[PDB]
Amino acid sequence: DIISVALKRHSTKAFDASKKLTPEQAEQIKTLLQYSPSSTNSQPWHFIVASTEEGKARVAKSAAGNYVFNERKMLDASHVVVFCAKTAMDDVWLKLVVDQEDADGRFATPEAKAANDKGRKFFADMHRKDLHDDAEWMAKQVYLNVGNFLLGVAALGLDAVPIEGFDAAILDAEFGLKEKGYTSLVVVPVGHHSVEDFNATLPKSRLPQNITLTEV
């Protein structure tokens, strides 16, 4: 059951480098990344899935220095996912999205398609021209994807840990993301924890609902 998963999952502090995802699990995590929902189905994201030792080493470069202690997590985990957000929502991407929805048969008429495109453009423009938060808006969708992902991999019986402790400037440069129109936000190593994972046996802690939740 999913509640058991939510209560038993945890942020892995150390991974067993010998335990790799099966080809099936490797495919499944990519499915999770792709099918996450997003506002207007904008999917303002890009994912870098590092599974080779050299690939993970490249990602780990972002932890060199001040976040050096996050390097082992990025190197020992079987697969490491870098969640990136678009730096700007261009019309080409908007058309890409609506044309894909059309190709998938979500529109019964050309007017239905036009209405969908018009609505998506309306909110994209609102965030860009009036709220002046389009970058944050897209980053928010990426974080939602991350939330979906962490629970999903836990439900697959895999360990993982979300990471904000890295230098996005270094990671972006390493993969030339800026020129490509993206920026790294969260790094998530996935695999199996080792005996070195001190957080695997500690009790989980959250504020009481009497503080965080109001019922009406």
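Residue numbers here begin at 1 and follow the sequence given. The term rigid core refers to the maximal set of C-alpha atoms that superpose within 1.5 Å between the two forms.
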Figure out for me whether 67-75 or 135-143 is the more displaced stretch in 6 other deposited structures of this protein, taking RMS C-alpha distance from the shown form once the rigid core is superposed.
67-75
RMS over structures and residues, CA atoms, rigid core fit in 6 other deposited structures of this protein: 161-169 vs 58-66, larger is 58-66
State which stretch shows the higher mean Cα B factor in the entry: 138-146 or 77-85.
77-85
Mean CA B-factor: is it higher for 47-55 or for 152-160?
47-55
Quiz for you: based on the deposited Cα B-factor, which of 37, 165, 189, 65 is highest?
65
Ranked C-alpha temperature factor of residue 128 among modelled chain residues, by third
middle
By its CA B factor, does residue 13 count among the lowest, middle or highest third of the modelled residues in the chain?
middle
Chain third (lowest, middle, highest) by recorded CA B-factor, residue given as residue 170:
middle
Assigned third (lowest, middle, highest) for the C-alpha B factor of residue 193:
highest
If you rank every modelled residue in this chain by C-alpha B factor, which third holds residue 177: lowest, middle or highest?
highest
